[PDB]
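To begin, one chain is listed below as structure tokens, in the form deposited in one PDB entry.
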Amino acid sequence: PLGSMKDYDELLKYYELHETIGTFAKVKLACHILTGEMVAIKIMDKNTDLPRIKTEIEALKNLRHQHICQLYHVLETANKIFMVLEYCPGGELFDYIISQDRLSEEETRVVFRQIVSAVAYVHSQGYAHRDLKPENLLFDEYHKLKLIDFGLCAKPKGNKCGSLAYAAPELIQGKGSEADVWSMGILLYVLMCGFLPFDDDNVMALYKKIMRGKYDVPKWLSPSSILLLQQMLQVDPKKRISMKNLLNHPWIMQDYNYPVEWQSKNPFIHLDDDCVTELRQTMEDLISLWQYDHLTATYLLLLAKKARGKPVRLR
């Protein structure tokens, strides 16, 4: 509630602000001046959950995946915190499901394999999203999914929440990795049905439906889909299917005949030659630091500009 325009001084030196596109914090579309690439900037007012956005930043600095919304630049003033992120024009998965009522099994698989790829990578780095829901999955320009909102993420094996409808029965009991598998199971159901497996007007009724684990199985669901849903939506976390068995699951393997490529194609070590070749050893040393300043943003967007096919240049 300060309303200061001086906080935008450092930001406008690298980006051109446009319109507001997304929702607590405020999200605005912007254009990286040096590269010309479009970006999404999240703006948090420090006077208006601070440790929640601090959790997301710390995670996105260590996480880099083709199905995770990339963090380009972090800028903090005296009153605001700016987060320059990958721009996803396709919008929420949630909105896509509503517009299409429900997705076919084939359509779902294309989408779901990208979700599995992201979450498997997240778990491999010792993280757990803990808030998997269709609102937190965005389509990019190539209509591929990008996982967002790591504000509630945590390290299950580290030092010492989300939507109830996607919460694992263990979380309701008040008892980490297997929790995300459950949520993906809920996601799988919604994708192919268009509605939640567990839903109710009353909160206690809802949480009770979840812990029972009983849900309707629509007639349009194939037995293969039915089997996988059972394996993911096991009320007992120990009985729930592991990430490893999910990667090469028969349902997943259908029409593809190869396991989900969860490995990150977005490295920290290997730098691009064309992107570096500008303005060598001194330049590469600066990029490898990854301070997530203007340099990190410039390089990653220059690499994105290169992956787009556009000329590796700076306006």
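Each residue number is its position in the shown sequence, starting from 1. Just so we're on the same page, rigid core means the largest C-alpha set that superposes within 1.5 Å between forms.
In at least a third of the other compared PDB entries of this protein that cover both flanking sides, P156 is left without coordinates.
Compared against other deposited entries of this protein, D49 counts as often unmodelled, lacking coordinates in at least a third of those that resolve the residues around it. Missing coordinates between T48 and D49 amount to 1 to 3 residues of the deposited sequence.
The gap between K208 and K209 holds no unmodelled residues of the deposited sequence. Between 188 to 196 and 81 to 89, it is 81 to 89 that carries the larger average Cα temperature factor according to the deposited entry. Stretches 62 to 70 and 29 to 37 differ in mean CA B factor, with 29 to 37 having the higher one.
Across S183, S224, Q234, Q173, the entry's maximum B-factor at the CA atom is seen for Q173. Comparing the C-alpha B-factors of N245, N202, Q125, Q114 in the entry, the top value falls on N202. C161 sits in the highest third of its chain by CA B factor, as recorded in the PDB entry.
Among the modelled residues of its chain, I252 has a C-alpha B-factor that falls in the lowest third, as given in the PDB entry.
When the CA B factors of the chain's modelled residues are split into thirds, the value for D216 lands in the middle one. In the PDB entry, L75 places in the highest third of its chain by CA B-factor. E178: CA B factor lies in the middle third for its chain, per the PDB record.
The next section is about a form of this same protein that is not shown, the form deposited in another entry.
With the core held fixed between this form and the one not shown, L286 has its Cα displaced by at least 2 Å. The Cα shift for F268 between this form and the one not shown, taken after rigid core superposition, is 2 angstroms or larger.
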